[PDB]
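We place every Cβ from the backbone using ideal geometry, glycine too, and count neighbours over all the protein chains shown. Each answer follows from the model by the rule given with it, or from the source it names; no laboratory read-out is quoted.
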Ligand SMILES: CC(=O)N[C@@H]1[C@@H](O)[C@H](O[C@@H]2O[C@H](CO[C@]3(C(=O)O)C[C@H](O)[C@@H](NC(C)=O)[C@H]([C@H](O)[C@H](O)CO)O3)[C@H](O)[C@H](O)[C@H]2O)[C@@H](CO)O[C@H]1O
Ligand SMILES: CC(=O)N[C@@H]1[C@@H](O)[C@H](O[C@@H]2O[C@H](CO[C@]3(C(=O)O)C[C@H](O)[C@@H](NC(C)=O)[C@H]([C@H](O)[C@H](O)CO)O3)[C@H](O)[C@H](O)[C@H]2O)[C@@H](CO)O[C@H]1O
Ligand SMILES: CC(=O)N[C@@H]1[C@@H](O)[C@H](O[C@@H]2O[C@H](CO[C@]3(C(=O)O)C[C@H](O)[C@@H](NC(C)=O)[C@H]([C@H](O)[C@H](O)CO)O3)[C@H](O)[C@H](O)[C@H]2O)[C@@H](CO)O[C@H]1O
Ligand SMILES: *[C@@H]1O[C@H](CO)[C@@H](O[C@@H]2O[C@H](CO)[C@@H](O[C@H]3O[C@H](CO)[C@@H](O)[C@H](O)[C@@H]3O)[C@H](O)[C@H]2NC(C)=O)[C@H](O)[C@H]1NC(C)=O
Ligand SMILES: *[C@@H]1O[C@H](CO)[C@@H](O[C@@H]2O[C@H](CO)[C@@H](O[C@H]3O[C@H](CO)[C@@H](O)[C@H](O)[C@@H]3O)[C@H](O)[C@H]2NC(C)=O)[C@H](O)[C@H]1NC(C)=O
Ligand SMILES: *[C@@H]1O[C@H](CO)[C@@H](O[C@@H]2O[C@H](CO)[C@@H](O[C@H]3O[C@H](CO)[C@@H](O)[C@H](O)[C@@H]3O)[C@H](O)[C@H]2NC(C)=O)[C@H](O)[C@H]1NC(C)=O
Ligand SMILES: *[C@@H]1O[C@H](CO)[C@@H](O[C@@H]2O[C@H](CO)[C@@H](O)[C@H](O)[C@H]2NC(C)=O)[C@H](O)[C@H]1NC(C)=O
Ligand SMILES: *[C@@H]1O[C@H](CO)[C@@H](O[C@@H]2O[C@H](CO)[C@@H](O)[C@H](O)[C@H]2NC(C)=O)[C@H](O)[C@H]1NC(C)=O
Ligand SMILES: *[C@@H]1O[C@H](CO)[C@@H](O[C@@H]2O[C@H](CO)[C@@H](O)[C@H](O)[C@H]2NC(C)=O)[C@H](O)[C@H]1NC(C)=O
Ligand SMILES: *[C@@H]1O[C@H](CO)[C@@H](O)[C@H](O)[C@H]1NC(C)=O
Ligand SMILES: *[C@@H]1O[C@H](CO)[C@@H](O)[C@H](O)[C@H]1NC(C)=O
Ligand SMILES: *[C@@H]1O[C@H](CO)[C@@H](O)[C@H](O)[C@H]1NC(C)=O
Ligand SMILES: *[C@@H]1O[C@H](CO)[C@@H](O)[C@H](O)[C@H]1NC(C)=O
Ligand SMILES: *[C@@H]1O[C@H](CO)[C@@H](O)[C@H](O)[C@H]1NC(C)=O
Ligand SMILES: *[C@@H]1O[C@H](CO)[C@@H](O)[C@H](O)[C@H]1NC(C)=O
Ligand SMILES: *[C@@H]1O[C@H](CO)[C@@H](O)[C@H](O)[C@H]1NC(C)=O
Ligand SMILES: *[C@@H]1O[C@H](CO)[C@@H](O)[C@H](O)[C@H]1NC(C)=O
Ligand SMILES: *[C@@H]1O[C@H](CO)[C@@H](O)[C@H](O)[C@H]1NC(C)=O
Ligand SMILES: *[C@H]1O[C@H](CO)[C@@H](O)[C@H](O)[C@H]1NC(C)=O
Ligand SMILES: *[C@H]1O[C@H](CO)[C@@H](O)[C@H](O)[C@H]1NC(C)=O
Ligand SMILES: *[C@H]1O[C@H](CO)[C@@H](O)[C@H](O)[C@H]1NC(C)=O
């Protein structure tokens, strides 16, 4: 009736989602996406990393050559998987600093072994035991050589092996601790004496200690395992009068991205970049709360089990019912755009989406999605994070380092999502406000702001006229005389 | 005189406080609150954590059973407090890896001890010394058993103790290092020989070393202390020909939240969640600069001694004196609200608070207070952070881990408070701006913006009229003819 | 022609720089500055820290007194620089826990040595070797004393040295491991026996181990090095029957800010606070990607090789050509200010800078520069971050601690710069918007907003009139009758 109404508005949905911003602990938005990965398939995917399933073998048993581990000879891995069911089935042994030898072999990622011809003239080689059976016969660790007397003589060993290669050699060797004096004499022909293994740059001396230990596979003796790395140009010197469990050669030691993980998860024929002890997990999300132990391109571990990133504007119910604009009011019936126009004129009541504002909001949200989704970084060999034995100081430090790290990342995650969500609310609010301001400016003196996100346009404004406003081609001069007469009439 | 003035404004206070934002290193606000706890009472509150005051006893002395520590037998703790005055008063001893045994016992949180009947047939038990008096008589550590020859014989000990319990057993034992060959023979009847303590899964051999050490309580000998954990189903085997300081049984070893702290603070009858070596501290604040060593639900340690969180808007002096609005001007006389209205009309000059805007600002500030205040998290046994001896590598790492952690938290604290304060300034500024905009919209063509946060209303607007604007019931149509004539008159 | 145009605008430059904000991965601004230091001179500046260039000597060789290191006696340092070319040229030795002794001496920062008169009655002193020549003669480590038999007797040593000083004493000593039984007898007159060095609070026993090691400088024997710290009031007791490499006195041990660094960078005559192995670097910037190893007041190490901080507003091309304001349009021709006014009136078309808005933007940007530039903090002795040997557990932890730290700082840097740049864009946009709003308010009913950042002023407004608007002295009442007639005329 000589005027029209033009309202600016934004969509709303019936099923919104609650997120956290800096301004609000809980604010409902039109949509959100989860940034914490909280589930796994439960299987370790055999691709794209080279998996070695230890089965009944620990890495150290596979290294020494426990008979059940013969199948592992010379294999490589990106990730060696050690099973809780694993058990030793050879001569009872220990490794002082077991954790370090495990770690250095794990990180090297290879069991490649090269035999060498040591001169063991004057002694008997290849000692075996019923505690270490291979194909039902008494045997021993494959990579070790139990030397004993020859004709009740054990002449002092003073044996050399030069490293004339261009790579390092890793030697694994041991000392036999007999149960009794009787065993000492029966095995080596004389009283126990120390073993010294040296190079130009290092030395280790180990004393065999006679005594009963609790029987394991009916063996009260023990073997203690040691290692030596020999550089190119250096020489291994082995010096012993008995009790030597000698090396048969060396392991290659390599550097790269290999590691070891304790897990009982089955190995699957599938492809996944991120491995945890619970199974492989997708790495689309920036964070995860599945396990602090990871290998590969993995989301960062956080304490939160959910963090929702807003991917839409504030969700505002439509006030119940004159058309009305965005002031405390969303439009559930606007389904082809995020922002738009509703009008009332001579020809009826209509709605149209505004593409520009809708696309600007969507583009920006997609931009932050692109920064946060599918952008994980790889980590490989790290520190251990679960422990089967009590140890004190070093373990306290390992645990505190990891606890510290997780709390700092959990804090970063919490802040990041609150900041991002505040920014999303601000940028989506801003597109609405800019649309309203642009429209106000077009209309000049031909309309007044009704306070509800709508303009009273003080002239006849048919469908084409409204279209000209929406398209940005409205010429205010054309209508100004009509509008001014209508606005500043005296009633 | 045919018009009225309506000004929008906000309060101001005579005693504002300076805070930091992202925009300003120093900006005065109406009020702030401190987020760094910087004082302690100076006492350790005995509630709600179970405190054990070591008095003259270290934990290790209480474990071994130094006579002055007999009162500690079998006690438990959440926090064992070790005093600087503590001193040993029994046989001179050392503990290789003292720090680890201290740590593992501290974390276990119990001195529960179960006696066992070891078969020491063939030797004399219960050796004592004048260096370790109990009730004025020569004595020894309560939990240890100094075995010596019987009739100048010391038959080889080969003694067993199975763990048929469903929990782990912690055994503490030792080796006696005699001052001279004469002592060796007088005590054990033969030359010194090694001690081996083993289980199915582990072994330790220790060599007694004869020699003079500086006398302590007139004793040139030493005892060295060792420990062994025996799992259920396993067996302790002790094998010795002399110099054995034997266990009398085992300690329970538990897991939980127990720890140990070095402090000289007195223990008080009071209740506080957070304990530091300086005393308990309140844990209302998110940060603290009292001590990096903490136990319980504690604020996080930061380097800053103060961080002030704004709890009010910018504080702006009232310009000296026509009423005027918020543009570069606060209202010290507005004491019943944070924002409001001042008017001049036919009936005088008045002021009224706006509840809605005031409450919206207060609610939001209370929200951020609720997130930051009284929300501390608990930590228990951690790593040591002060050291009485120089050690090198491990200590360097312990110190660097803690330094690293504190710098990262101090950074987080600094950023958090700057961000929060910027947000507080922004949300309080926003309530002022929204109040002004809402008012502008009500007034439509009946008023003009005077540029100083006030409107010139171009009609007679009595107290009820002004009230209708403040209440949001003003009907612009009622006054529009009058206002338009007044606005667009030609003078 | 009875009207004027007044446009508000901001500068633009032909050569802008791309930065990252929270809103945009790439946004062009007028200027930026680099926050990551990525180059070094390549030399270590000898000022202001006290540098000690080890040349051919490691710290440990300088400590023991290898002949080529005699020049180092008693010197101090802030930073000891160890060269890759360094080599030992004396008796072949090792140090169990070499890394710790290196670290504790490095951190102490002094080689100050005080000779003491030990009573070595009954033995020969000052043993020497061809493996350790000094001025072409057979010699030995300067700070050690190789004792051997006197007249084929080596009476048991039981020797004391009290610490009656008020500072700690650091004693360095050793054990000689002879190649053969023949050497043992030729040197010490009897079979090898253990060495015990003790105090009231500590003890160490070391066993000499006879055996061939690979010859070095024709020596198949080895010396193993040990250390003891003796507190004031305590006593050093040395107890040996042979194989003792005795101390000649003690080192002072101090506490302070000293460290050690591995580098081949030459030492220069220059002054720089921050030292890295690549050379000294400037410390103006808050971050650096030169080296994770640093000493002194240094930028923090990050993974990024560049982080650009915006130091100007968004850079917006001038739309091609009616004068026009800031809406999607910057002014390349405005060179004497950041914001300003362009006008068209009766007297022509002019431009003027607005000082207030320009200065407010510049001041704020300078403020954030002042917070970020030249504000680095000092760190001194830390942990090692590069390793020449494989070690396992401890090294894994050292590496993980540093990796963890760097990732957290790299994250903080990335967020900080994105946040700061967003704030810079917001504050510079805000000065433009405030200038426009201030102008709008002055003009009252005398102008209309043309939508392009300009006002149509509906009255004759000559150069003085425009000046009154720019100066904030424009009196709208003077022109209102003229303007209203022009605005609300009917055409
Ligand atoms: C050298 C020798 O033959 N010694 C005999 C002892 O082995 C034997 O004590 C019994 O030993 C039993 C285990 O027998 C082996 C084994 O481990 O299988 C037989 C091995 O050939 C022998 N290995 C070598 C390289 O000689 C090995 C070794 O002696 C022990 O493992 C060392 O602990 O023993 C089993 O443990 C019985 O319980 C045990 O009594 C005694 C008595 O028969 O005679 C010795 O001559
Ligand atoms: C076995 C014995 O009686 N040995 C005598 C030596 O103790 C003694 O040397 C003197 O020893 C003095 C301390 O006497 C005790 C003690 O610690 O109180 C007496 C204890 O009963 C004895 N403990 C046991 C279990 O036999 C203990 C032990 O021998 C030492 O502590 C080992 O160091 O000694 C005190 O230290 C005197 O300064 C010291 O001369 C000599 C000489 O009298 O005779 C030995 O038979
Ligand atoms: C005590 C003595 O003189 N022993 C003689 C052996 O040294 C010698 O074996 C030869 O030793 C050669 C090195 O000679 C020195 C040295 O290091 O320069 C000479 C030193 O004076 C002696 N040091 C002391 C304090 O006595 C030192 C020491 O014996 C060795 O370093 C211990 O390893 O030896 C060189 O190594 C030759 O290759 C080696 O054969 C034998 C045979 O000549 O006679 C011993 O009496
Ligand atoms: C030191 O004490 C040890 C524990 O008491 C003891 O070990 C025990 O030795 C017996 C036999 O002497 C073993 O008994 C075994 O006997 C049958 C054959 O009759 C075997 O088939 C079984 O394996 C059976 O167990 C015990 O197993 C063994 N116990 C432990 C815990 O090791 C040592 O022999 C004693 N040492 C000396 C030198 O006397
Ligand atoms: C190795 O040298 C040691 C230090 O010189 C020496 O220890 C000293 O021994 C004397 C006695 O021989 C102690 O003197 C004590 O004598 C009176 C009784 O007359 C006691 O009441 C006092 O305790 C007094 O101190 C020294 O205390 C002691 N010094 C130290 C530092 O331990 C060893 O005895 C020597 N060892 C051998 C085997 O000869
Ligand atoms: C244990 O075996 C060792 C390695 O086979 C052996 O060491 C070698 O000893 C020879 C001499 O016996 C040294 O040869 C040196 O001889 C000339 C003089 O003719 C010297 O000028 C040279 O230095 C030359 O090298 C070897 O250097 C040495 N090799 C190594 C690697 O140390 C030990 O001697 C044997 N030990 C015993 C006790 O027999
Ligand atoms: C290292 O090897 C040497 C021989 O090269 C051993 O020395 C011999 O030991 C025997 C037995 O004790 C003696 O009877 C010989 O006289 C020694 N030979 C020489 C040349 O001295 C030595 O025992 C071995 N070392 C170890 C620790 O086993
Ligand atoms: C561990 O106990 C065994 C006995 O079970 C000890 O062996 C005896 O030692 C004595 C003294 O040296 C010898 O005379 C006996 O002949 C040994 N008995 C047997 C059966 O061999 C052994 O010495 C003890 N071990 C330690 C380290 O003390
Ligand atoms: C520490 O010094 C003592 C002497 O104070 C040494 O004891 C003597 O050792 C010799 C050689 O073995 C014996 O013949 C004497 O009888 C011992 N004297 C006494 C009083 O017992 C002892 O050997 C030295 N200890 C070490 C580890 O070298
Ligand atoms: C909600 O957001 C995510 C991320 O943009 C998108 O993949 C998903 O399809 C959206 N859901 C709906 C119903 O729009
Ligand atoms: C592992 O050991 C179990 C239990 O002894 C056995 O049944 C199984 O077949 C073994 N698996 C392999 C792959 O050797
Ligand atoms: C993964 O395994 C850990 C350790 O057993 C367990 O605490 C956690 O609940 C598991 N997470 C999932 C998603 O299975
Ligand atoms: C200032 O702020 C704190 C926190 O809101 C409040 O407890 C305190 O009472 C306030 N002081 C005044 C005078 O309003
Ligand atoms: C602790 O020792 C001191 C000094 O010897 C003594 O005076 C005090 O009574 C002792 N306190 C306790 C509780 O035993
Ligand atoms: C707490 O104790 C530490 C260490 O003695 C001291 O540096 C610090 O100043 C103390 N703080 C307070 C608030 O007493
Ligand atoms: C750009 O910014 C930096 C930091 O403010 C300043 O030092 C430099 O001179 C500026 N360059 C120009 C051309 O304005
Ligand atoms: C260091 O050793 C090299 C190589 O032997 C020698 O040429 C050089 O002169 C030595 N430098 C010093 C400062 O002693
Ligand atoms: C500094 O040295 C390290 C280690 O050699 C090297 O990786 C890095 O590229 C160097 N940086 C510069 C700027 O020279
Ligand atoms: C072990 O060594 C012997 C040398 O006696 C050699 O012939 C063979 O390779 C090995 N024999 C067995 C049975 O493993
Ligand atoms: C020590 O052991 C003996 C065994 O001889 C036992 O009777 C008693 O429990 C203890 N005696 C003393 C005095 O502590
Ligand atoms: C080594 O000690 C002797 C004692 O025999 C002393 O005279 C001199 O200071 C030293 N002699 C040499 C040659 O270094």
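With the structure loaded, tell me whether residue A:362 is within 14 Å of chain B (Cβ to nearest Cβ) and assigned to a helix (DSSP H, G or I) or whether it fails that test.
It is false that residue A:362 is within 14 Å of chain B (Cβ to nearest Cβ) and assigned to a helix (DSSP H, G or I).
Would it be correct to say that residue A:375 is buried (at least 16 other Cβ atoms within 10 Å of the Cβ) and on the phi < 0 side of the Ramachandran plot?
Criteria not met by residue A:375.
From (1) closer than 22 Å to residue C:257 by Cβ; (2) surrounded by 19 or more Cβ atoms within 10 Å (Cβ to Cβ); (3) out of contact with any strand residue (DSSP E or B) (no Cβ under 7 Å at 6 or more places or on another chain), pick out the condition that doesn't hold for residue C:100.
Going through the list (1) closer than 22 Å to residue C:257 by Cβ; (2) surrounded by 19 or more Cβ atoms within 10 Å (Cβ to Cβ); (3) out of contact with any strand residue (DSSP E or B) (no Cβ under 7 Å at 6 or more places or on another chain), residue C:100 breaks only (2).
Only residues that are within 18 Å of residue A:405 (Cα to Cα), within 11 Å of chain A (Cβ to nearest Cβ) and touching a strand residue (DSSP E or B) at 6+ places or on another chain (Cβ under 7 Å): list them for the range C:385-413, please.
C:409
With on the phi > 0 side of the Ramachandran plot and surrounded by 16 or more Cβ atoms within 10 Å (Cβ to Cβ) as the only criterion, which of A:296, A:325, A:330, A:312 stands out?
Sole residue among the options that is on the phi > 0 side of the Ramachandran plot and surrounded by 16 or more Cβ atoms within 10 Å (Cβ to Cβ): A:296.
Within the range B:191-206, is there a residue that is surrounded by fewer than 18 Cβ atoms within 10 Å (Cβ to Cβ), away from ligand 7 (no atom under 16 Å from the Cβ) and more than 12 Å from every other protein chain (Cβ to nearest Cβ)?
yes
Residue under question is residue B:138, and the condition is that it be in contact with a strand residue (DSSP E or B) (Cβ under 7 Å, 6 or more places away or on another chain) and within 27 Å of residue A:214 (Cβ to Cβ); does it hold?
So residue B:138 does not fit the description; no.
Inside the range A:58-81, can you point out the residues that are under 30 Å from residue B:205 (Cα atoms), more than 14 Å from chain C (Cβ to nearest Cβ) and either touching a strand residue (DSSP E or B) at 6+ places or on another chain (Cβ under 6 Å) or within 16 Å of ligand 3 (Cβ to nearest atom) (or both)?
Across the range A:58-81, the qualifying residues are A:58, A:67.
If you check A:320, A:382, which single one turns out to be within 25 Å of residue A:80 (Cα to Cα) and away from chain B (no Cβ under 14 Å)?
The match here is A:382.
Can you say whether residue A:253 is outside the structural domain of residue A:388 (by CATH) and either in contact with a helix residue (DSSP H, G or I) (Cβ under 6 Å, 6 or more places away or on another chain) or more than 30 Å from residue A:166 (Cβ to Cβ) (or both), as far as the supplied structure shows?
Spelling it out, residue A:253 is indeed outside the structural domain of residue A:388 (by CATH) and either in contact with a helix residue (DSSP H, G or I) (Cβ under 6 Å, 6 or more places away or on another chain) or more than 30 Å from residue A:166 (Cβ to Cβ) (or both).
Confirm whether residue A:205 is in a loop (DSSP other than H, G, I, E, B), more than 16 Å from ligand 8 (Cβ to nearest atom) and assigned by CATH to the domain that holds residue A:110.
When the stated conditions are applied, residue A:205 does not pass them.
Among the candidates A:129, A:136, which residue alone is at positive phi, over 42 Å from the mean Cα position of the chain (by Cα) and more than 16 Å from ligand 8 (Cβ to nearest atom)?
From the options A:129, A:136, the qualifying one is A:136.
If only one of C:245, C:223 is assigned to a strand (DSSP E or B), within 16 Å of ligand 21 (Cβ to nearest atom) and either within 14 Å of chain A (Cβ to nearest Cβ) or crowded, with 23+ Cβ neighbours inside 10 Å (or both), which one is it?
Only one candidate qualifies: C:245.
Out of the residues in the range A:230-242 that are assigned to a strand (DSSP E or B) and crowded, with 21+ Cβ neighbours inside 10 Å, state the one that is farthest from ligand 17 (Cβ to nearest atom).
Once the filter is applied, the top-ranked residue is A:240.
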